[PDB]
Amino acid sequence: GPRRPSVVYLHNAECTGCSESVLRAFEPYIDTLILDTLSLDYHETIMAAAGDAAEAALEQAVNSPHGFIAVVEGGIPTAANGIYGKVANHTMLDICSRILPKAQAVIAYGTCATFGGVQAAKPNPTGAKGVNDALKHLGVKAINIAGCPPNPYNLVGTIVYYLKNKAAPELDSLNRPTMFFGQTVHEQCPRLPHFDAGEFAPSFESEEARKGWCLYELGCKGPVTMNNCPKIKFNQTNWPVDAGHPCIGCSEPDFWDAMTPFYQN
């Protein structure tokens, strides 16, 4: 077959939920992605090599004359000269500073990588930053695919677009693809007619909640959140409001501080 494009997947300050979301890929599935579509050349969660052998695999991939795409999960801890996060006894800040400027393209995958995420919430003891913020001085401009975790549809769609067109798709002012992030959750929500009618559930136990009334009074952040959740859904089957729970705003910068308390509007 043809040479497959190389992907280097990095883990910074992360929970591995973004990695797990990629494993949920559907049509194409993850086996197709790593056997046919791409060459996954470094990924600490699933790779065979460990230790020195893993470091050597990383160096081999990064220095390849064929080039690579970087996918980055997690925020970069910057406090105290980066010491709150290390891999192979190098700071995550140093690792990303050395690798990411060499990539042909960088995708920041998940709200942590895009915007700083959960560890960047106040008081941000580790000085965590999103990729573009941390590395702006190096000229890194990662495509931001936000969410906690994002819809893996949005990662695969971005990669496929880039491979076909050799360019990023149209990006919004937060560097997110407009093809996925161009609409609010709310404008796509099945409960919108109740919102318009002023029909709000007053509590989770209420008959109004049972009947599917709008969750705005219970804190829903759909009106202020850009994502494709109601359209694509998750796991081919559901999404938060259809499970009766408000959106918490998880594709937005700083959402941990901007969208809290989660149960108020």
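One rule holds for the numbers: they count along the sequence shown, beginning at 1.
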Original post:
So which stretch wins on mean C-alpha B-factor, 108 to 116 or 82 to 90?
Top reply: 82 to 90
Original post:
Once you work out the mean C-alpha B-factor for both 236 to 244 and 35 to 43 from the entry, which is higher?
Top reply: 35 to 43
**OP:** Just grab whichever of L215, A70, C229, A56 has the top CA B-factor as deposited.
**Re:** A56
Original post:
Lowest, middle or highest third: where is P101 by C-alpha B factor in its chain?
Top reply: highest
Original post:
How does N63 rank on Cα B-factor within its chain, lowest, middle or highest third?
Top reply: highest
**OP:** Compare the C-alpha B factor of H186 with those of the other modelled residues in its chain, then answer lowest, middle or highest third.
**Re:** lowest
Original post:
Which third of the chain does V224 land in by C-alpha B-factor: lowest, middle or highest?
Top reply: middle
**OP:** Divide the modelled residues of the chain into thirds by Cα B-factor and specify which third, lowest, middle or highest, holds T178.
**Re:** middle
